[PDB]
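J.: Here it is: the structure, laid out below.
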Amino acid sequence: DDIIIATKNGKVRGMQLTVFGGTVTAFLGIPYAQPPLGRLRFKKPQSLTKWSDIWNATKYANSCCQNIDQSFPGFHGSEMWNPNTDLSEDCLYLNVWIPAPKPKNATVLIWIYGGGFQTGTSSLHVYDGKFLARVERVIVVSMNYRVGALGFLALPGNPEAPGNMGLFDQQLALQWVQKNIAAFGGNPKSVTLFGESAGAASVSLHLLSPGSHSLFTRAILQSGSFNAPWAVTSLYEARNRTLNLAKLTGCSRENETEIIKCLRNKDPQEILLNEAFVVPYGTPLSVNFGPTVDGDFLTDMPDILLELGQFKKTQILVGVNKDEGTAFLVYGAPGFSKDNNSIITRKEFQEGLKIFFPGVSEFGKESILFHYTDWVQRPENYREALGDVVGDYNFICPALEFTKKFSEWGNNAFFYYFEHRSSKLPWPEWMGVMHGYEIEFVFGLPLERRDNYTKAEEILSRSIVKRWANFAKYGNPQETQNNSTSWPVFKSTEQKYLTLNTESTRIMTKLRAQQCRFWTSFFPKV
Amino acid sequence: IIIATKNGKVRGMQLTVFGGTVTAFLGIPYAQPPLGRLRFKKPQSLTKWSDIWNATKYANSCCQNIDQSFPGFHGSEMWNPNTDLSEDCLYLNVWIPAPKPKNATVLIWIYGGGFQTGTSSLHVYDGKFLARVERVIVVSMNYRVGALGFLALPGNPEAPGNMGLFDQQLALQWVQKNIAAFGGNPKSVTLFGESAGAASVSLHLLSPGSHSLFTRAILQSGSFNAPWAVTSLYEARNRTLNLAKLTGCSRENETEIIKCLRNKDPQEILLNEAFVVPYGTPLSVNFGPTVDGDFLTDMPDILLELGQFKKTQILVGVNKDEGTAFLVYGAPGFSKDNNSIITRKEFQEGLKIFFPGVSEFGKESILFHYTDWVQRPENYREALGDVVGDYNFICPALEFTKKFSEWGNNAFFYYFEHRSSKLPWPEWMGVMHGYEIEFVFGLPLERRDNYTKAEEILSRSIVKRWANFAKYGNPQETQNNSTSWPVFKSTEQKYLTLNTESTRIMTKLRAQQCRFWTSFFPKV
Amino acid sequence: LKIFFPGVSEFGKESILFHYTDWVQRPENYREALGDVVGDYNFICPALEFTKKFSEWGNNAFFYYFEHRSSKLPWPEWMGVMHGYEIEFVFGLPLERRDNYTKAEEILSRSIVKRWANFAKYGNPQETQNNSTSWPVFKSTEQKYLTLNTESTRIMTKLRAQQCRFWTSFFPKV
Ligand SMILES: *[C@@H]1O[C@H](CO[C@@H]2O[C@@H](C)[C@@H](O)[C@@H](O)[C@@H]2O)[C@@H](O[C@@H]2O[C@H](CO)[C@@H](O)[C@H](O)[C@H]2NC(C)=O)[C@H](O)[C@H]1NC(C)=O
Ligand SMILES: *[C@@H]1O[C@H](CO[C@@H]2O[C@@H](C)[C@@H](O)[C@@H](O)[C@@H]2O)[C@@H](O[C@@H]2O[C@H](CO)[C@@H](O)[C@H](O)[C@H]2NC(C)=O)[C@H](O)[C@H]1NC(C)=O
Ligand SMILES: *[C@@H]1O[C@H](CO[C@@H]2O[C@@H](C)[C@@H](O)[C@@H](O)[C@@H]2O)[C@@H](O[C@@H]2O[C@H](CO)[C@@H](O)[C@H](O)[C@H]2NC(C)=O)[C@H](O)[C@H]1NC(C)=O
Ligand SMILES: *[C@@H]1O[C@H](CO[C@@H]2O[C@@H](C)[C@@H](O)[C@@H](O)[C@@H]2O)[C@@H](O[C@@H]2O[C@H](CO)[C@@H](O)[C@H](O)[C@H]2NC(C)=O)[C@H](O)[C@H]1NC(C)=O
Ligand SMILES: *[C@@H]1O[C@H](CO)[C@@H](O)[C@H](O)[C@H]1NC(C)=O
Ligand SMILES: *[C@@H]1O[C@H](CO)[C@@H](O)[C@H](O)[C@H]1NC(C)=O
Ligand SMILES: *[C@@H]1O[C@H](CO)[C@@H](O)[C@H](O)[C@H]1NC(C)=O
Ligand SMILES: *[C@@H]1O[C@H](CO)[C@@H](O)[C@H](O)[C@H]1NC(C)=O
Ligand SMILES: *[C@@H]1O[C@H](CO)[C@@H](O)[C@H](O)[C@H]1NC(C)=O
Ligand SMILES: *[C@@H]1O[C@H](CO)[C@@H](O)[C@H](O)[C@H]1NC(C)=O
Ligand SMILES: *[C@@H]1O[C@H](CO)[C@@H](O)[C@H](O)[C@H]1NC(C)=O
Ligand SMILES: [Cl-]
């Protein structure tokens with residue numbers, strides 16, 4: 001041991017790891033599709049022709065091409081999200097963590113990484129399945145999927161650049177688990193997708209894709225949903241951007257297919273560079289190349305499918321963090337530094353609004369100003385206001401609204417409001433419970449003793465881990481043993497959600513009702 | 001400015017309030033000084049006086065001891081009486097807004113202080129603001145406390161018990177017969193009180209004698225069903241006798257013991273009061289309300305249990321940290337000066353202080369239920385606070401509301417959780433017992449006063465909600481886009497949180513803990 | 001108590017003492033008390049609680065409280081309707097004439113045998129022919145159960161509600 005699994009594609013060697021005085025077998029870097037190179041760039045992921053021999057699956061594989069956030073070189077806070085393996089066009093691999101001893105029929109969890117469809121990789125320390133396998137005895141799988149232009153370049157209906165390639169990657173990863181996980185003792189019949197930010201959005205898209213209906217069982221959505229403003233691109237911009245990219249690399253043409261031929265020949269880095277520029281103005285949140293209505297993976301605008309109950313029927317767990325917005329302020333909002341406590345002026349608030357809502361009518365920005373700056377004298381007012389604006393508009397509202405409309409079609413849905421600030425959080429107090437900073441608690445990182453999270457925090461993680469685990473296994477996110485708070489189903493009438501924190505978890509109603517009325521009812525009209 | 005009361009005339013006095021006038025009638029007598037031969041008796045009718053009564057200074061507070069743990073400290077002293085103690089103290093105040101209103105809803109205040117202490121003249125009970133801002137009439141009275149008010153010799157008309165309660169009731173009758181002359185509407189009367197004040201309010205709901213003397217009720221941190229609020233007919237006696245012995249008043253003819261005591265000096269009585277029990281607690285209400293078969297016609301838990309009370313709306317609520325205030329009067333480790341971190345050993349010690357008579361097992365359960373930690377230094381400090389909070393205030397409070405609403409009435413419940421920034425006690429005591437009263441009487445509305453803007457708003461809101469509750473039986477603030485305050489049903493048990501940030505609607509206040517106090521503890 | 005709850009905190013054993021020895025003077029008090037303690041804690045409560053939680057997921061469940069002492073019971077009166085001493089009535093042993101169970105007892109067994117048989121066959125433990133008591137479904141709300149004995153079988157609610165609260169809610173915490 002020496003431990004080999006016989007996948008319907010070939011053999012793969014794992015590697016034992018120690019976890020809290022236990023063994024977990026890790027299979028890192030298994031290829032699930034055929035490297036999408038040269039002639040395959042911009043295409044749907046291709047079948048894997050069975051390899052002969054043993055695949056040594058003992059190091060994370062190459063992350064996919066992407067730009068790297070370099071606002072704060074050396075800063076953990078920002079860098080912990082940067083890829084930690086070689087960027088490459090060759091990146092369609094996935095990881096599996098089965099607990100040891102090999103389990104009989106384990107529920108499988110599949111992770112999908114966030115990062116605006118532009119950045120991300122499964123190999124991040126915060127996405128380490130090894131703990132979940134150890135503690136809740138499930139199999140955890142994660143995959144890498146193409147991002148930015150390379151994964152979502154869209155030339156509508158044109159099979160050369162049909163769009164949503166990254167999404168199809170994910171899907172092929174699901175098929176893989178479908179055909180193989182049993183060999184590791186996984187139960188293909190009990191599969192729960194979960195992701196965060198674009199990850200969550202992807203999870204939600206899978207609920208809508210018929211292609212995915214049967215590739216999984218349940219779904220968890222952490223800070224994100226397709227109906228978020230940043231998540232889907234109109235078939236119009238999709239084109240404008242594909243063309244803009246073409247111009248920007250001297251690839252303009254007559255035969256459309258030729259433009260793809262052209263681009264198929266540029267250097268990854270030359271593409272990665274211009275991506276930033278295919279829109280007139282951008283935001284800290286610009287998702288330049290994302291999912292589109294391709295009439296393949298997505299068969300119609302998804303708000304319509306959601307609206308009219310056209311999606312997998314099953315339970316869902318959904319939730320957000322107390323301060324989704326803050327993380328972004330520091331990438332362009334005048335007055336905001338990660339270093340000063342970023343008190344800003346009314347004048348600057350107006351300024352911040354211009355940054356996050358570039359194309360929005362002057363009236364539109366006025367309404368936002370008006371709704372959020374109706375003060376309850378206090379210095380931080382405008383600072384926090386702009387936070388919530390971004391928070392509420394990009395994450396918390398579309399999140400809530402998805403949950404709402406989904407449960408209307410008769411399914412159980414649970415909602416959480418995560419409101420705990422890791423005490424090891426490298427960013428400043430004021431950014432509060434930040435976007436993406438619950439992931440570590442979900443993957444159970446605080447369970448690691450020599451790690452310096454607090455006792456409070458170890459407990460919390462242990463609880464969440466269980467709730468999630470349970471939700472995966474039985475479609476019910478209860479913690480039944482340590483006298484916990486019962487987590488109520490989210491009905492479209494009363495709209496209850498559970499708060500997650502180290503003190504007391506409480507049951508509450510109608511999260512951000514006031515604000516989301518504005519974002520949901522009024523603002524789409526300006 | 002003269003009013004023609006069915007007893008005589010009384011001169012008011014104009015006062016300036018937020019660029020407005022309010023007429024104050026301080027010190028109106030409502031009964032006949034209970035002196036010598038009247039000591040320990042039900043309050044006596046007022047023989048109409050001839051002439052004008054100048055009602056322009058607060059009257060004498062009633063006899064009582066004075067908290068002297070912290071001489072010079074505002075925190076404790078602000079509650080001490082601010083007028084001469086006297087056996088002659090049955091007077092009451094009215095604050096009508098100016099101009100004299102037509103049919104104003106009236107609010108009657110009842111002061112707390114364990115039935116042992118208190119007086120209407122306290123700065124924090126100043127009705128002048130409420131009259132000004134919500135255009136209601138505010139009345140408050142003084143009632144006998146301690147032995148002098150509640151000395152009980154069951155069924156013996158010489159010391160029939162609950163005298164102070166009857167005082168209060170006579171004050172109600174007074175408003176009943178007179179408030180119209182000040183443009184009060186006797187038909188729309190809301191009682192409100194706090195601590196023993198609240199408990200009195202609740203007792204009034206049970207007294208048939210009071211059924212018709214008022215309309216609605218508000219109960220702030222307190223309810224008769226609280227452990228400290230009613231005395232068994234047995235202790236009532238043991239204590240009346242103990243007091244007799246302690247002043248050489250023991251006897252054969254019972255009436256003679258009253259004769260004896262009727263002759264000792266107020267101070268001599270006040271002194272021994274502290275001692276009529278074997279051991280005491282910071283919360284000992286030595287001479288309180290009892291089942292007198294007059295004011296209370298049967299044990300009140302039974303009356304509450306079987307829906308024998310005035311049917312009407314009620315507003316009930318408590319503060320985040322009811323317990324802390326008392327820790328500093330005997331709990332080993334607790335000072336108002338150090339941040340009072342204490343040890344497991346000391347916690348056990350604290351328990352002995354607050355539950356003297358309780359079985360060794362009984363104290364163990366308490367230890368067990370509250371010290372099941374979630375490593376943190378303050379644990380035991382906070383635990384002991386909650387224990388006192390939950391047991392003496394928060395649970396009986398909740399349980400009252402619950403049982404009361406079962407009989408088909410609208411009830412609203414609040415959890416007041418804001419710490420006045422002008423709070424003289426230390427941070428750790430948090431939102432303390434009795435420190436919402438100021439926000440109710442709208443003290444933060446006073447600009448030159450240094451409460452925060454946050455705080456002015458809050459008070460403005462409460463004042464309105466209360467005011468509204470008094471007027472229409474509904475504690476809503478309908479105009480400033482406020483949170484709707486849901487009715488408290490026995491099923492879902494929703495309450496409204498009151499604070500400067502966001503007021504929220506929540507369920508099942510302290511469900512875990514009160515199960516223990518309500519279901520388990522009465523059995524140990 | 002020390003014998004049956006060896007590892008249990010001193011407090012824990014105190015609670016048990018306290019809950020069960022709140023007498024209604026009678027000599028057997030403590031004897032019966034300790035019986036019920038073991039009865040309630042090891043059998044009757046976990047039994048009831050299982051039934052409860054199981055029926056919550058929408059299934060029909062029936063509950064019986066067997067309260068007849070075989071007249072051929074080799075143990076002493078005081079041990080009463082003992083653990084395991086309904087088995088013989090379920091397998092119909094009293095149906096054997098030359099066996100010296102009473103007539104009362106033959107009937108009873110015949111009834112149980114039928115109810116069981118029926119329950120096996122049709123998922124309903126009724127005895128439909130001899131004008132019997134209908135055996136109600138056990139709902140998590142009203143918690144009805146049927147008593148089994150030679151005199152009259154009755155329908156009752158909330159078996160040992162008082163005690164099982166203690167065993168189910170409180171005791172797992174000590
Ligand atoms: C679609 O794209 C056009 C062109 O975008 C420009 O050229 C690209 C190659 C890239 O370099 C971008 O940065 C450029 O902006 C957009 O037209 C531009 O944007 C606005 C028009 O609203 C205008 O201020 C610019 O001057 C235009 N650029 C030029 C020089 O033509 C346009 O925004 C997009 N179309 C829509 C309506 O989405
Ligand atoms: C808060 O800091 C921002 C960010 O500035 C950087 O970080 C600071 C710690 C400090 O070291 C700055 O010098 C760094 O540049 C400040 O934003 C700057 O403000 C001035 C105008 O007021 C401007 O000249 C800079 O270009 C601004 N930088 C940007 C791009 O916003 C901000 O002023 C600080 N605010 C306060 C009052 O604390
Ligand atoms: C009722 O009172 C008796 C007597 O109280 C004592 O005498 C009073 C005048 C006063 O001075 C108190 O401080 C005294 O305690 C109580 O009996 C006493 O209390 C306990 C008995 O439980 C005992 O330790 C004391 O020694 C007793 N005092 C003496 C010297 O007799 C008794 O507590 C009360 N009765 C009940 C059951 O409520
Ligand atoms: C916290 O303070 C209490 C109260 O003590 C008083 O106030 C303090 C600020 C300090 O000036 C004391 O000397 C004052 O007496 C302390 O309680 C005392 O502690 C010792 C035993 O440890 C004892 O000799 C005294 O009699 C205690 N007083 C009483 C009646 O409780 C307490 O020790 C302090 N705790 C800490 C560690 O901060
Ligand atoms: C794969 O890696 C393992 C490392 O221990 C080793 O046993 C085996 O020889 C390797 N096979 C190769 C060289 O591919
Ligand atoms: C695993 O569990 C499923 C039930 O969801 C079952 O149908 C499947 O056959 C099982 N495979 C085994 C026996 O491991
Ligand atoms: C419950 O808490 C205990 C510690 O008392 C711990 O052993 C166990 O892991 C916890 N269970 C969960 C799901 O948190
Ligand atoms: C009562 O007091 C007022 C004070 O202004 C005065 O006008 C009046 O003379 C007084 N009457 C008396 C002396 O009682
Ligand atoms: C005062 O108001 C009440 C209504 O609650 C009314 O019945 C009473 O007669 C009024 N008196 C007046 C007219 O002031
Ligand atoms: C509502 O707020 C306004 C200030 O905008 C104030 O004038 C008014 O008094 C408030 N009303 C209440 C009941 O607080
Ligand atoms: C009903 O009683 C009769 C005797 O009258 C008997 O023959 C029959 O076996 C009984 N049926 C059942 C199910 O007990
Ligand atoms: Cl919030």
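All residue names refer to the structure tokens as shown: chains lettered A, B, ... in order, residues numbered from 1 in each chain, ligands numbered from 1 in order.
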Within 12 Å of chain C, which residues belong to chain A? Use only C-alpha atoms and report them as a list in words.

T.: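 Selected residues: residues 481, 482 and 483 of chain A.
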
J.: Contacts of residue 189 in chain B at 7 Å or less, counting only C-alpha atoms, minus same-chain residues fewer than 4 places along, as a PyMOL selection string?

T.: chain B and resi 105-107+214-216

J.: Using only C-alpha atoms, find which residues of chain B lie within 9 Å of chain C and jot them down as a ChimeraX atom specification.

T.: /B:361,364-365,368,524

J.: At most 8 Å is the cut-off: for each residue in chain A with any atom that close to an atom of chain B, write down the nearest atom pair and the distance in Å rounded to one decimal, counting only C-alpha atoms, chain first then increasing number, as a tab-separated table.

T.:
residue	atom	partner	partner_atom	distance
A:376	CA	B:454	CA	7.0
A:377	CA	B:453	CA	7.7
A:455	CA	B:375	CA	7.8
A:456	CA	B:374	CA	6.9
A:503	CA	B:374	CA	7.6
A:507	CA	B:506	CA	7.8
A:508	CA	B:506	CA	6.6
A:509	CA	B:505	CA	8.0

J.: Take the residues that were just selected and, keeping N, CA and C atoms, output them as a PDB file, in the first residue's frame.

T.:
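Writing done, so here's result_19.pdb:
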ATOM      1  N   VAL A 376     -28.901  56.443  10.426  1.00  0.00           N
ATOM      2  CA  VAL A 376     -29.569  56.210  11.700  1.00  0.00           C
ATOM      3  C   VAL A 376     -29.013  57.152  12.788  1.00  0.00           C
ATOM      4  N   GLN A 377     -23.672  61.806  11.595  1.00  0.00           N
ATOM      5  CA  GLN A 377     -23.072  61.778  12.929  1.00  0.00           C
ATOM      6  C   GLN A 377     -21.946  60.729  13.121  1.00  0.00           C
ATOM      7  N   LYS A 455     -10.763  27.935  20.210  1.00  0.00           N
ATOM      8  CA  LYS A 455     -11.571  26.786  20.574  1.00  0.00           C
ATOM      9  C   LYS A 455     -12.976  27.018  20.055  1.00  0.00           C
ATOM     10  N   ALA A 456     -13.458  28.225  20.296  1.00  0.00           N
ATOM     11  CA  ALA A 456     -14.706  28.652  19.738  1.00  0.00           C
ATOM     12  C   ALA A 456     -14.709  28.198  18.290  1.00  0.00           C
ATOM     13  N   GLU A 503     -20.729  32.205  19.064  1.00  0.00           N
ATOM     14  CA  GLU A 503     -21.588  32.322  20.236  1.00  0.00           C
ATOM     15  C   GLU A 503     -22.825  31.447  20.085  1.00  0.00           C
ATOM     16  N   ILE A 507     -32.250  31.543  14.849  1.00  0.00           N
ATOM     17  CA  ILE A 507     -33.167  31.468  13.714  1.00  0.00           C
ATOM     18  C   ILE A 507     -33.797  32.831  13.503  1.00  0.00           C
ATOM     19  N   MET A 508     -33.703  33.352  12.288  1.00  0.00           N
ATOM     20  CA  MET A 508     -34.210  34.680  12.013  1.00  0.00           C
ATOM     21  C   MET A 508     -34.964  34.721  10.705  1.00  0.00           C
ATOM     22  N   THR A 509     -35.682  35.823  10.476  1.00  0.00           N
ATOM     23  CA  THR A 509     -36.526  35.928   9.294  1.00  0.00           C
ATOM     24  C   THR A 509     -36.131  37.045   8.347  1.00  0.00           C
TER      25      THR A 509
END

J.: Under the rule that only C-alpha atoms are counted, which of B:74, B:464, B:344, B:403 is the nearest residue to residue 377 in chain B?

T.: B:344

J.: Which chains and residue numbers are within 12 Å of ligand 5, counting only C-alpha atoms and all ligand atoms, if I want them as number ranges by chain?

T.: A: 1-4, 11-16, 52-59

J.: Write out the residues from the selection above, keeping N, CA, C and O atoms, as a PDB file, in the first residue's frame.

T.:
ATOM      1  N   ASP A   1       0.840  -1.240   0.000  1.00  0.00           N
ATOM      2  CA  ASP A   1       0.000   0.000   0.000  1.00  0.00           C
ATOM      3  C   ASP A   1       0.866   1.279   0.000  1.00  0.00           C
ATOM      4  O   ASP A   1       1.024   1.920   1.055  1.00  0.00           O
ATOM      5  N   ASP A   2       1.387   1.691  -1.165  1.00  0.00           N
ATOM      6  CA  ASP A   2       1.017   1.168  -2.495  1.00  0.00           C
ATOM      7  C   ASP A   2      -0.470   0.872  -2.576  1.00  0.00           C
ATOM      8  O   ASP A   2      -0.970  -0.124  -2.034  1.00  0.00           O
ATOM      9  N   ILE A   3      -1.181   1.745  -3.261  1.00  0.00           N
ATOM     10  CA  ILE A   3      -2.603   1.585  -3.282  1.00  0.00           C
ATOM     11  C   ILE A   3      -3.169   2.023  -4.629  1.00  0.00           C
ATOM     12  O   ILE A   3      -3.173   3.203  -4.977  1.00  0.00           O
ATOM     13  N   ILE A   4      -3.629   1.039  -5.391  1.00  0.00           N
ATOM     14  CA  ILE A   4      -4.017   1.256  -6.768  1.00  0.00           C
ATOM     15  C   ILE A   4      -5.509   1.085  -6.961  1.00  0.00           C
ATOM     16  O   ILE A   4      -6.085   0.132  -6.444  1.00  0.00           O
ATOM     17  N   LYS A  11      -5.192   2.581 -14.400  1.00  0.00           N
ATOM     18  CA  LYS A  11      -4.927   2.509 -12.984  1.00  0.00           C
ATOM     19  C   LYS A  11      -4.364   3.826 -12.470  1.00  0.00           C
ATOM     20  O   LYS A  11      -3.780   4.599 -13.236  1.00  0.00           O
ATOM     21  N   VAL A  12      -4.553   4.077 -11.175  1.00  0.00           N
ATOM     22  CA  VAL A  12      -4.015   5.268 -10.543  1.00  0.00           C
ATOM     23  C   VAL A  12      -3.529   4.977  -9.137  1.00  0.00           C
ATOM     24  O   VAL A  12      -4.242   4.364  -8.342  1.00  0.00           O
ATOM     25  N   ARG A  13      -2.310   5.416  -8.842  1.00  0.00           N
ATOM     26  CA  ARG A  13      -1.730   5.235  -7.528  1.00  0.00           C
ATOM     27  C   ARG A  13      -2.071   6.431  -6.673  1.00  0.00           C
ATOM     28  O   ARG A  13      -1.921   7.570  -7.105  1.00  0.00           O
ATOM     29  N   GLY A  14      -2.527   6.169  -5.454  1.00  0.00           N
ATOM     30  CA  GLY A  14      -2.851   7.235  -4.507  1.00  0.00           C
ATOM     31  C   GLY A  14      -1.688   7.564  -3.605  1.00  0.00           C
ATOM     32  O   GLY A  14      -0.564   7.352  -3.984  1.00  0.00           O
ATOM     33  N   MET A  15      -1.953   8.096  -2.417  1.00  0.00           N
ATOM     34  CA  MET A  15      -0.889   8.347  -1.465  1.00  0.00           C
ATOM     35  C   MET A  15      -1.499   8.550  -0.104  1.00  0.00           C
ATOM     36  O   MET A  15      -2.375   9.385   0.049  1.00  0.00           O
ATOM     37  N   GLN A  16      -1.040   7.787   0.883  1.00  0.00           N
ATOM     38  CA  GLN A  16      -1.580   7.875   2.236  1.00  0.00           C
ATOM     39  C   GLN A  16      -1.218   9.217   2.833  1.00  0.00           C
ATOM     40  O   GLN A  16      -0.164   9.738   2.555  1.00  0.00           O
ATOM     41  N   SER A  52      -2.746   3.238 -20.942  1.00  0.00           N
ATOM     42  CA  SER A  52      -2.194   1.939 -20.586  1.00  0.00           C
ATOM     43  C   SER A  52      -1.252   2.188 -19.418  1.00  0.00           C
ATOM     44  O   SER A  52      -0.579   3.231 -19.372  1.00  0.00           O
ATOM     45  N   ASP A  53      -1.209   1.273 -18.457  1.00  0.00           N
ATOM     46  CA  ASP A  53      -0.257   1.457 -17.379  1.00  0.00           C
ATOM     47  C   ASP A  53      -0.864   2.057 -16.116  1.00  0.00           C
ATOM     48  O   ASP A  53      -2.087   2.137 -15.968  1.00  0.00           O
ATOM     49  N   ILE A  54       0.014   2.481 -15.211  1.00  0.00           N
ATOM     50  CA  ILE A  54      -0.396   3.101 -13.972  1.00  0.00           C
ATOM     51  C   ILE A  54      -0.161   4.598 -14.039  1.00  0.00           C
ATOM     52  O   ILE A  54       0.914   5.048 -14.442  1.00  0.00           O
ATOM     53  N   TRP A  55      -1.174   5.370 -13.658  1.00  0.00           N
ATOM     54  CA  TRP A  55      -0.989   6.792 -13.450  1.00  0.00           C
ATOM     55  C   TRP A  55      -0.626   7.055 -11.987  1.00  0.00           C
ATOM     56  O   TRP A  55      -1.375   6.682 -11.077  1.00  0.00           O
ATOM     57  N   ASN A  56       0.537   7.667 -11.761  1.00  0.00           N
ATOM     58  CA  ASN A  56       0.917   8.118 -10.421  1.00  0.00           C
ATOM     59  C   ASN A  56       0.131   9.407 -10.097  1.00  0.00           C
ATOM     60  O   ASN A  56       0.419  10.463 -10.644  1.00  0.00           O
ATOM     61  N   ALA A  57      -0.870   9.340  -9.235  1.00  0.00           N
ATOM     62  CA  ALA A  57      -1.638  10.542  -8.952  1.00  0.00           C
ATOM     63  C   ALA A  57      -1.258  11.111  -7.602  1.00  0.00           C
ATOM     64  O   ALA A  57      -2.043  11.028  -6.665  1.00  0.00           O
ATOM     65  N   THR A  58      -0.075  11.708  -7.497  1.00  0.00           N
ATOM     66  CA  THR A  58       0.457  12.076  -6.180  1.00  0.00           C
ATOM     67  C   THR A  58       0.946  13.498  -6.015  1.00  0.00           C
ATOM     68  O   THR A  58       1.624  13.808  -5.057  1.00  0.00           O
ATOM     69  N   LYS A  59       0.604  14.360  -6.950  1.00  0.00           N
ATOM     70  CA  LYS A  59       0.782  15.784  -6.757  1.00  0.00           C
ATOM     71  C   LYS A  59      -0.367  16.495  -7.462  1.00  0.00           C
ATOM     72  O   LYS A  59      -0.868  16.021  -8.483  1.00  0.00           O
TER      73      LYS A  59
END

J.: Write out as an NGL selection string each polymer residue (protein, DNA or RNA) that has an atom no more than 7 Å from ligand 11, with only C-alpha atoms and all ligand atoms counted.

T.: :C and (107 or 110-111 or 114 or 127 or 129-130)
